[PDB]
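[1] PDB entry and its sequence, pasted below:
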Amino acid sequence: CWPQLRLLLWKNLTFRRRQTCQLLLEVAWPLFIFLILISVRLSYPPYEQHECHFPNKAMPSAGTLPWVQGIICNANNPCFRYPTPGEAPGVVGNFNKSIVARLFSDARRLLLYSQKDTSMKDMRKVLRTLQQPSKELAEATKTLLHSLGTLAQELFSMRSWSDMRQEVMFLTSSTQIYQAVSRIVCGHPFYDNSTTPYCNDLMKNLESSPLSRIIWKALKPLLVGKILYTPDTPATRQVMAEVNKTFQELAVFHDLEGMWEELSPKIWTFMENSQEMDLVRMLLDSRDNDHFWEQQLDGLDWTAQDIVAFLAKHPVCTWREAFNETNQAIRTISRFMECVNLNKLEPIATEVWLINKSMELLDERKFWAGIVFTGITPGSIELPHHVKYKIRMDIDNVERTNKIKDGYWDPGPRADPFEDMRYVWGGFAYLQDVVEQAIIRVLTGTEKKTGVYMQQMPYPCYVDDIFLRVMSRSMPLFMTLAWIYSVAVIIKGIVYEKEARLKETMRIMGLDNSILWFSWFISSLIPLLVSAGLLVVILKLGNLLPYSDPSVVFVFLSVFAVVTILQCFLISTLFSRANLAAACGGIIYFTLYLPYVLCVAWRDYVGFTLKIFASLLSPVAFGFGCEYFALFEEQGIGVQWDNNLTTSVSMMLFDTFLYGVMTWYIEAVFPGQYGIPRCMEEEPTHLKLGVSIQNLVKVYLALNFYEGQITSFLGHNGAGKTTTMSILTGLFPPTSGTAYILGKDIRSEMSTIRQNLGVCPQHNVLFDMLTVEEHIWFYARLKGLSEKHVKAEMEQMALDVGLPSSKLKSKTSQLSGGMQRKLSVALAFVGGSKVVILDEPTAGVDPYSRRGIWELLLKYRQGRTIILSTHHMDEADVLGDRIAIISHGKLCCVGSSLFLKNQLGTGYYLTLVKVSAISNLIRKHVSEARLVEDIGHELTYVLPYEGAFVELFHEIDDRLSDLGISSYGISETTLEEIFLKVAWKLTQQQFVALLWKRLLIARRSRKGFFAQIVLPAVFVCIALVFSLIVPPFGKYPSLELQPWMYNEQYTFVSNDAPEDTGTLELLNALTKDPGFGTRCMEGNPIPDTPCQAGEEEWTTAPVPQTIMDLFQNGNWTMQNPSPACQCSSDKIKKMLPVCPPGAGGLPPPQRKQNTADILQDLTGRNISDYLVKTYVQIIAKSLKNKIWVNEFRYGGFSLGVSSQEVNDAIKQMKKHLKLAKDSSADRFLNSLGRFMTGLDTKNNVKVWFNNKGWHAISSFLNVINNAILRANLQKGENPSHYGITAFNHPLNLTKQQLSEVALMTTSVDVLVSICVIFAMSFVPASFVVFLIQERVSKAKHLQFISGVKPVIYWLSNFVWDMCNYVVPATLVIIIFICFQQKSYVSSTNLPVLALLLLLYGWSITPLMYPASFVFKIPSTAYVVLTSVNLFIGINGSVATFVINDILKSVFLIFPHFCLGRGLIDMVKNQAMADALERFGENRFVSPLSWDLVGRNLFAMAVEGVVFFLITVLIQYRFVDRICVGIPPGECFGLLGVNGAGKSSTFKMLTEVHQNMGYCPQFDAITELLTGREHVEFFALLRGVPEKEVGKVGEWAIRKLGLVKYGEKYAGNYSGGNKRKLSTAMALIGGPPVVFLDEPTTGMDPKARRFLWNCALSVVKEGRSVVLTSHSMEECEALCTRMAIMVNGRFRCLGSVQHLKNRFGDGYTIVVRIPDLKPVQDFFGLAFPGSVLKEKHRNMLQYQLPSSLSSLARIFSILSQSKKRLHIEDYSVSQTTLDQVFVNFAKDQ
Ligand SMILES: *[C@@H]1O[C@H](CO)[C@@H](O[C@@H]2O[C@H](CO)[C@@H](O[C@@H]3O[C@H](CO[C@@H]4O[C@H](CO)[C@@H](O)[C@H](O)[C@@H]4O)[C@@H](O)[C@H](O[C@@H]4O[C@H](CO)[C@@H](O)[C@H](O)[C@@H]4O)[C@@H]3O)[C@H](O)[C@H]2NC(C)=O)[C@H](O)[C@H]1NC(C)=O
Ligand SMILES: *[C@@H]1O[C@H](CO)[C@@H](O[C@@H]2O[C@H](CO)[C@@H](O)[C@H](O)[C@H]2NC(C)=O)[C@H](O)[C@H]1NC(C)=O
Ligand SMILES: CC(C)CCC[C@@H](C)[C@H]1CC[C@H]2[C@@H]3CC=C4C[C@@H](O)CC[C@]4(C)[C@H]3CC[C@]12C
Ligand SMILES: *[C@@H]1O[C@H](CO)[C@@H](O)[C@H](O)[C@H]1NC(C)=O
Ligand SMILES: *[C@@H]1O[C@H](CO)[C@@H](O)[C@H](O)[C@H]1NC(C)=O
């Protein structure tokens, strides 16, 4: 067992090594594949991003100044990387260093101090008292000095105007300006015709200035926009008035220019020519007042000297420069605010007019969002207590509403300032909050009393490695490309070893399939294990899977190799071809791997039971293992031994076992075309008996085989010599019989019997890529010989073969057929086998190699029990020693040759070469004589039987010159006798005949290639049902802003400063019966979301044993209240950070709020740290369970705490100081007061929102607005039915968006066109494989012999292909028109597409014609043609994703590209017409336009034309004195030496075409047609009549026989039946001369004689025939004028007997008498030329050369010695033609 496996592995390794054409590519393909993989990996480095927070944004309701400050500077998500103070629950500032807020505070302080100051009245009273020393004068002067000091202090202690002046003088290199603006505004980290061109050029410079152009995108819809609303309902009018007021709150700069123009002269004269200023300047400079000013200044800067220099200046810095600078600043701000539109309110009567006006303003590039209410009627009723409003804006400023989530999860906070922040800079949230606050003010009455802020939740320290995620999850593709190459190669090898009948030869040699399968398993693992190790080390070195142990991936790759090896072992027993299996294995594996990519997309509702029942394949299990590896690798921890993967390995081993048992079942239930599905002479006892059969029988004989005699075994192959030879071997078991093979029964022991019993079947065994020496060594080792024994056997075989040279012993299987047959028959004798069973030797070999192999078998007659089994008669006569013929399953005759010849055989045959005189002489000499056969210059007679021989020969020799007899001959009876005794309009006729034959071969192909009609049909059906799934990608439905759009979410409410000031009732109403928003309140006004009613429990989740360590780790202050969580250590790439438990610190009290969600109280806890820790730990815990983790929390609220005095002060100040009622003084003061009282906020709420949710911030804003509404409602019946709902619905698409969606949709069109191209490329494949099947000498050349006009044949093929493609064309047309695809089923697009498909077929059917010319193999062009068609289609599709003009002009040669471009332009025009009809216009451009579609049609037409012309062109491509005369009825057989060019001469020698018939050596008949139809079609093409066709067919079917099987498939016939069909074809037209070639090839007796009778009958009618073959018996029995050509020239000509007597050898004699040496001595002394050819017991034979003329004396001596030598039997024969042939070939 072990030595056999050793020989098997050695043979497999030698096969793998001797190729040198497959293993190098096998080992190089994975290198290139993974090199491309490592290159595309190294091109994408991993992106690392530290954890960061985001500043809080301010809404317009929380103050105009903070809103503007949040818009301008901090609107880019700077990611400070540290917790900003804005995220603190107490402070809502972050504008502490902003000089604008400081300046506003100092201005407010100046106002509130000047209103309560009385320095003006005090100074006026002091001046009046001084103008009208004293006692009260001192007190008055002291009061005036104190008042002046207070005014000086008020002018000081502000430090804002100085900084503003410094900044405005510095502003009037790129980083410096940005830093200056950032320090000024906030803290530290065609248009010219509309309005004036000043701010137009300003905004142009802003857009062209080199900085972050994001603030302009937010400031454009702020002062250029315009909002429009519903009809003029009084309530809508009131809310619009409130919105206008909250906009104009910032209009204090509009009426400031008039105030400055009115107040400039007054302050000018007050500072120039006022007595108060002079008195102040005089009192500021004195001898005692200086100390007072120094004491009042408190050591501050700008002492009294600087004050006197600044104020007291009649003519370096005085008040004049300050006045000029303030005037310039006011002028600049007025010119800036001039073109600012603050009246952006326009009412509309209806809704369609609203849409039209919004579009019109969109063309004007000035249009903000628009509010659309849902009023029931324009009545005086305020509100229906439920406000439903929508906000319609442009699509480029609002997030898409067709999707609410990114779909696949991916790390990243999603905080881009422009790409995914349209709800901030677009103005959606601002206007939404403004409208909501206006509604709150108009419903209840409260004005604001509320601030709102938005805070984005931070992200916990991720890294961006999406490439690793997409590569490690798509590992099997590039992991198994090279392994698909390997499995294809190994499948090719296996099926090649199987098809050559090598497995059957190994089985009959005494081997089982188990050891063969095991050896193939090992020889397929070894290279697979090597490649697995190489891929493991190249993946460990590639740095793409770090921290991964090589052992686990190595064992995974090895078990995957094992399961794939057993999978291909299962798949191999289904195919029966080398290239076919090698090509279809890859596509079958792809189709069975496609389930993986099919199931990975629908993982949402996949079950574990479904996963188990679907994991029966190896690719899906490998994909599950790769997903496990990815999930354990992405987190940086890697995969190690930690006890999923084990389930995947278990399923893989179960799959291996299932594949093994399936292989074991299929190898037995369905085998190939060769497997098995589950007058007796004296017995010479001089030698030993080797095999003695006894009672041989089967399911519906006894012969004793001898040792030293070469016995024969003849039969009809139907009743014997076929089942008996199989029962004698180990193929089939016996049935009530016995066979003692060398003293061992067959049924008793079968192993020891096969150890010394060789076999040699008809199919020779010769492994390729190997030498004959390796073959001999392997066979000797398999026999069981030792090393020296095998060497001696190989030396003996090399010495006895005849090729003892290194040129032949070290060469591969490149010898001729004769040498191959000789070596294959010599292999069966290696090993010293005592019993050999040959099978059909010398089938079609030349007579020289036949004599060689005969001498070879004769040299091995030293007791080897040679059992011959062949159909040849002369071979069995010369080789067989004991001829045994059986019939009907029983023994009939047995005995030697001469015994069977003289017992029941016919008498002698006397022939004469060149008739009544000779016949009369023969009748007078012998009474029993008769005339047997007389042919051209030849006659023969029979002598059935003895002194008449001498007298007859004397009379023949004496009267030889009397008649025309030129030479005589005598012969004995051959074994075949005993065998048979015992057991013009012709063009149209050819056209219609071709069409009829083609229709018959196509209609009878229901079981054959019939899939070429329904396979493209189902492919196009799948194409359409897949195209009816992708959304139009151009829809935007109306979505209601509500936070419950997601499945599950976690909210929270953080109550800061619980002092019951204004925050208690707010959170209360937030957590009352109505809940968060409008989910359920006296009904469910939200579709498909019924809320749960019964739930009320304030409990804490069960905490594990983690609070103990928190207790022993006490002193957890507000700063750092939880243990740290590390990040991205060196050389450790971690996607999500991990750290020990205790991340949150304490489980907050969880409670459900009856809205399908649960909230937790976070009062007094660090919000940012807790949120980060909880989020990261929950994401990790959810990802650990293989759930495809989604988002966890979306939003939460934090309530906290942050007037009329300033308004009363402004009113009191405006009442005095020259009050008036003009529109330039009172309006400015009123606006200033309103802006002052519109910035204070009592309480505020901060909404923490996650930017991953597309509609999260707006929904929570609406929720908090509804909560504020329910809290502000007082003295109401119930807050249930008081709620506000917000909607989001963009406007209609314009021409730009329509063009965008028409240009972007080309992806679905190209992907639906590629597949339909692939489906339509299947029709010509059947035509090409049909032409290939009938191209290899089957029907092309045979029809080309006779007059066929091959151009007409090509025309017929073309028209049949057209009419056979018409049917599937309209079939698929009605298929894809049955569906409602308006882009194809319209009345103007159906005929153009139909004709496009028609011309595409017309242009593709000739293109695949020349690919069939040079292709010498059938049933394999299908896959390569489909592959090249797919490649051409892919190239043409990708070539349209771009120099484009010349590209599309030159790429029109491929019809696939033309069809793709036509479909693309057709669907593009359909979409364009649809968009233009939707917009309100019409276009009727015809698709038949020569520029668009119609150039491709004419191109395909002319291309098909030129392809047909060039295919007709390719077909046309633009011996030594051979002299012989063939008269009427002269069978002139022209034989020749091996390699004399007989086929070339026959092709060269072939009016003359129609008068000549040809018979091919190989079978030429259709596999699916009928023989009668074959002969009918051939009679039609021959030129017979249309009415006499049936009679000619019946005559042809009755002449050649086989009438019982005349109506049947020709492919299901046998070899002899095919030969009969071919020789009937050779006479279908009835030519005067017909050329035959090997009429009998592997046939059986009782049928060759029939063909010979038909041949002699057709040549007897005066029609000469020409034939040639290797078997000399056929020509010696049929040919009458032989023509032997040695080298190019006819070396011998004449009759058969004349040539055999002229250059042939002498006669042969056989005498039968233990024995006596005296008889042999007398025989040797009587003839001088006597030679002992063979010496046996009581049977001698001799040969007499150069003694043919003395036959009479020889017969006389024989008759005289019959009584002296006591001879029992005598026989005399002549030399046959084979001796003459081998003599002519020997001396050559
Ligand atoms: C909730 O929990 C988070 C953490 O989980 C807390 O955040 C901690 O507290 C501060 C933020 O609120 C952070 O302090 C900052 O730390 C920066 C780090 O710089 C180094 O710090 C180490 C000490 O860790 C020093 O030895 C080094 O020398 C560095 O200074 C400081 O740079 C930063 O200092 C600021 O610098 C800017 C720019 O120069 C100044 O303008 C500013 O005035 C200030 O000086 C500041 O000290 C702290 O790192 C952060 N994390 C930790 C682990 O403590 C929240 O505070 C918690 N919430 C509440 C309400 O407390
Ligand atoms: C809405 O507000 C705008 C300004 O915020 C008002 O327009 C003012 O009044 C007339 C136009 O109506 C102009 O002459 C003024 O220059 C505008 N600006 C100012 C500051 O007065 C408009 O009147 C308001 N409309 C309603 C219905 O209140
Ligand atoms: C209510 C508040 C927030 C609005 C007023 C903010 C003021 C102080 C800011 C906002 C816009 C700023 C102006 C923007 C444009 C220009 C034009 C430039 O050539 C000179 C500076 C100047 C004139 C800036 C001066 C300061 C400015 C007017
Ligand atoms: C600046 O921050 C300090 C911190 O204590 C605070 O007291 C002060 O009011 C802030 N200034 C503002 C908000 O203008
Ligand atoms: C906008 O699109 C809707 C969608 O059907 C349509 O009903 C409406 O008429 C369109 N309006 C305009 C002005 O095109």
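    Nice, thanks for sending it over. Numbering: from 1, shown residues only. Ligands and ions are numbered 1, 2, ... in the order given.
[2] What ranges does the stretch 1201-1350 of the chain have for its helices?
    For the stretch 1201-1350 of the chain, the helices defined by DSSP state H, counting those that start in this stretch cover 1204-1215, 1226-1236, 1257-1272, 1295-1304, 1306-1320, 1323-1333, 1340-1345, 1350-1378.
[3] would you turn those helices into TSV with distance to ligand 3 and mean neighbour count?
    All C-beta atoms are positioned from the backbone trio N, CA, C, and that covers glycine. Shown next, in TSV, are these (distance: least, C-beta to the nearest ligand atom, whole Å; neighbours: other C-beta atoms under 10 Å):
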stretch	distance to ligand 3	mean neighbour count
helix 1204-1215	17	14
helix 1226-1236	8	18
helix 1257-1272	23	24
helix 1295-1304	31	14
helix 1306-1320	45	19
helix 1323-1333	71	20
helix 1340-1345	88	17
helix 1350-1378	62	16
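[4] So which of those helices is nearest residue 1722?
    Closest to residue 1722 of the helices of the stretch 1201-1350 of the chain, according to C-beta to C-beta: helix 1340-1345, at 61.2 Å.
[5] which residues touch residue 973?
    Contacts of residue 973 were listed using C-beta atoms under 8 Å, 6 or more residues apart in numbering, and they are 901, 905, 906, 907, 908, 909.
[6] Among these, which are located in strands?
    Judged by DSSP state E, the subset of the contacts of residue 973 located in strands is 908, 909.
[7] Going by distance to residue 1693, which of the contacts of residue 973 wins?
    Distances from residue 1693 to the contacts of residue 973, taken by C-beta to C-beta, are shortest for residue 909, at 23.4 Å.
[8] Which residue, other than its chain neighbours, is closest to that closest one?
    The spatially closest residue to residue 909, leaving aside those adjacent along the chain, is residue 971, at 4.7 Å (C-beta to C-beta, 6 or more residues apart in numbering).
[9] Any chance of the helices of the stretch 1201-1350 of the chain in TSV with distance to residue 1646 as columns?
    Written out in TSV, the entries for the helices of the stretch 1201-1350 of the chain read as follows (distance: least, C-beta to C-beta, whole Å):
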stretch	distance to residue 1646
helix 1204-1215	131
helix 1226-1236	124
helix 1257-1272	96
helix 1295-1304	79
helix 1306-1320	54
helix 1323-1333	33
helix 1340-1345	28
helix 1350-1378	39
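[10] Save those helices as a markdown table, and put in distance to ligand 5 too.
    Listed next are those as a markdown table, based on distance: least, C-beta to the nearest ligand atom, whole Å:
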| stretch | distance to ligand 5 |
| --- | --- |
| helix 1204-1215 | 47 |
| helix 1226-1236 | 39 |
| helix 1257-1272 | 23 |
| helix 1295-1304 | 11 |
| helix 1306-1320 | 22 |
| helix 1323-1333 | 43 |
| helix 1340-1345 | 64 |
| helix 1350-1378 | 27 |
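[11] closest one to residue 1420 among the ones you listed?
    That would be, of these and by C-beta to C-beta, helix 1323-1333, which comes in at 8.7 Å.
[12] Can you point out the buried residues in stretch 859-878?
    860, 864-877 (16 or more other C-beta atoms under 10 Å).
[13] Equivalent analysis for stretch 186-200, please.
    Result for stretch 186-200 [16+ other C-beta under 10 Å]: buried residues 186, 187, 199, 200.
[14] How about the contacts made by the third one?
    Right, residue 199. Going by C-beta under 8 Å, 6+ apart, residue 199 touches 335, 336, 338, 339, 340.
[15] now, which of these lie close to ligand 3?
    residue 336 (C-beta under 6 Å from any ligand atom).
[16] In helices, which of the contacts of residue 199 fall?
    Among these, the members falling in helices (DSSP state H) are 335, 336, 338.
[17] doesn't residue 196 make contact with the last one?
    Think residue 338. Yes: Residue 338 lies in contact with residue 196 (C-beta atoms under 8 Å); the separation is 7.1 Å.
[18] Would you pull up the residue in the protein closest to ligand 5?
    Scanning the chain for the residue nearest ligand 5 gives residue 1292, at 3.8 Å (criterion: C-beta to the nearest ligand atom).
[19] Backbone dihedrals for the closest residue to ligand 2 within the stretch 401-550 of the chain, both of them.
    Of the residues in the stretch 401-550 of the chain, the one nearest ligand 2 is residue 438, at a distance of 12.9 Å by C-beta to the nearest ligand atom. Here the main-chain torsion angles of residue 438 (degrees, to the nearest 10) amount to phi -60, psi -40.
[20] Please apply the same query to the one 4 residues further on.
    In this entry, residue 442 is assigned phi and psi values of phi -80, psi -20 (degrees, to the nearest 10).
[21] show me what contacts it?
    235, 238, 239, 242, 382.
[22] Which residues are in contact with the residue in the stretch 1-150 of the chain that ligand 1 sits nearest to?
    In the stretch 1-150 of the chain, the residue that lies nearest ligand 1 is residue 83 (4.1 Å; C-beta to the nearest ligand atom). The neighbours of residue 83, taking C-beta under 8 Å, 6+ apart as the test, are 53, 1168, 1169.
[23] mind running it again at 7 Å?
    53, 1168 (C-beta atoms under 7 Å, 6 or more residues apart in numbering).
[24] Regarding residue 1017, what is its secondary structure?
    Here residue 1017 is recorded as helix under DSSP: H, G, I helix; E, B strand; the rest coil.
[25] In this structure it contacts residue 1369, no?
    No: counting by C-beta atoms under 7 Å, residue 1017 stays clear of residue 1369, with 11.5 Å between them.
[26] residues in the stretch 801-950 of the chain within reach of ligand 3, list them.
    Within the stretch 801-950 of the chain, no position is near ligand 3 by C-beta under 6 Å from any ligand atom.
[27] Verify the contact between residue 1746 and residue 1707 for me.
    No: applying C-beta under 7 Å, one finds residue 1746 not in contact with residue 1707, separated by 10.3 Å.
[28] Between those two, which is the more surrounded one?
    In terms of neighbours (other C-beta atoms under 10 Å), residue 1707 is the more surrounded of residue 1746 and residue 1707; the figures are 21 against 10.
[29] Identify the residues contacting the closest residue to the more buried one other than its chain neighbours.
    Spatial nearest neighbour of residue 1707, excluding adjacent residues (C-beta to C-beta, 6+ apart): residue 1744 at 5.1 Å. Contact analysis of residue 1744 by C-beta under 7 Å, 6+ apart lists 1706, 1707, 1709, 1727, 1729, 1730.
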